[PDB]
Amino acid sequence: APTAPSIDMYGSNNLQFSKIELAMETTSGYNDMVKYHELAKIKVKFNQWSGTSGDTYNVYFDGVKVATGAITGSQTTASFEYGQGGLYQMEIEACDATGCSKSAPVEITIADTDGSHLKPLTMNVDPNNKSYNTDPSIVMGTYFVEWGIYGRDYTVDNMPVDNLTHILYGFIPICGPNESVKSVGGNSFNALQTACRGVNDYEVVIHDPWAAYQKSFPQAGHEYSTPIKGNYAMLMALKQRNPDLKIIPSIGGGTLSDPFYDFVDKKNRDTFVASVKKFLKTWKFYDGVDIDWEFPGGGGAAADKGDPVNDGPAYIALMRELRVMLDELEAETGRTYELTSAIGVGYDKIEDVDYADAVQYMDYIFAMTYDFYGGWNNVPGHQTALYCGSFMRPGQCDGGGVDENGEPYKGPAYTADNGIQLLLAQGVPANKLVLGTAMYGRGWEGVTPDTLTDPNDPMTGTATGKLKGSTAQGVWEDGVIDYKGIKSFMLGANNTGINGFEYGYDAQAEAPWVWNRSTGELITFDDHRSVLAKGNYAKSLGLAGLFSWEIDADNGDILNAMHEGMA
């Protein structure tokens, strides 16, 4: 006999509710912006405009009763709490002593960060990415960078997810000392200062909440009331489409590694470890953690930092304490959590960590088998070669000899193979090692013929400085160029060379280059041929697979070649 309630859809936040509460119109400290709740707070306004209102209401989701309260007027606000994310058919019933009247059913959304309230993501992948039937046991990883969504214009739905087992999401910073972030310029340190207000030193934070959970993406169907937007909501819809895809946050990275050096203090580690646990409880679509400490012992962005006695033991203690915390998350949730880590592979980086000790705690080690040479100095080299190139001096490859002063080589030359070998010799199992491919080149200006010691090898010349170019040609910073930029603007469709560039390949190193004799522009990179050699090298040794850095810079060719070389 009471009038059936009508739901005030707009008075009820359009029936979009959430276990996670996120600031949408603000940029502030992480703890101010992100609050995870065990139970979602649901607030539903309903009206009874004509007839009698009755005295009590009940709320049903999919026929189960989940709340009751008093009706006292022609307008009621039902507030209550609910613990499971998902879409539900909601009915509200108004009751009196003579009977009850149900509202017609209406869909209520309760978001959770596993994406249970979302449809599978809709893909928009360059069709230049082919299909493969690569053994599901082989690792095919890549990094997807948070800021890729700006100028580079590359979003989660552009990733060829069917050709990937692991997405590493770069990068999650740590609060605390971060001078190295400052040195980068832009808003980057400022944004980190903001994110860290009200947050303890050594805890993880989201760097760019706009890219991560605020930015509305039409292709994902985000609209004003959607409680989770940005890269994270798309990666949640992505997990719905490909539930076996591992998505892993990458913590640290080149410029974000300054706080790792205070991990020689166990309090700092405990703080960090506990913030990582909270982070994974907050963002349930993530499947583990990746530590990119560049680098234990030093030799990274922070010139004033690095302890070669203590950093290694701290790294190993860190991996153990992470795996302990991850064991508890597996306990509480029933899921498998992965612990991985990207590492430098120069002899001088390797010798500072007992990796055989650390790896027992870990699922994989992403060997950063790139950046061997680059625009930081005027010495050309293959940045991502497998083997020693022709340009190397006698005894340089193994570090047995002397340079042009007659100064002794301190250790084996920087090559992929030399790195993998050093890790195998320490006792790291082959099947935990993932070998890295570059989706970009590094480059130089001013390596003209008059500089060569061998007239057919520009790797024997001398540079004037870093390669300069525009973002239109894929140069996002000095000395670095996207692979798709090399292909469009230097190689051309036939891989023969265009705009003054020639294509060369060092068969001994397994490394391509492009060279413009007159500007002396020289770019070292990975192409189809050398990725095939890497896949072959990986098969040969029983390596876990391949990964790449970074996915937005590929046109399809590098990832394709990754799958082909593993076949």
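Numbers follow the displayed sequence, beginning with 1.
Legend: mean Cα B-factor per stretch from the PDB entry, 421 to 429 versus 453 to 461; the higher mean is in 453 to 461.
Between 76 to 84 and 288 to 296, it is 76 to 84 that carries the larger average Cα temperature factor according to the deposited entry. Out of 180, 250, 131, 89, the entry records its largest CA B-factor for 131. Within the listed group 99, 230, 254, 160, the record reports its top CA B-factor for 99. Split the chain's modelled residues into thirds by C-alpha temperature factor. Residue 115 is in the middle one. Compared with the other modelled residues of the chain, the Cα B-factor recorded for residue 278 ranks in the lowest third.
Sorting the modelled residues of the chain by their CA temperature factor places residue 212 in the lowest third. Annotation for residue 340: C-alpha temperature factor in the lowest third relative to the rest of the modelled chain, per the entry.
In the deposited entry, the Cα temperature factor of residue 479 places it in the middle third of its chain's modelled residues.
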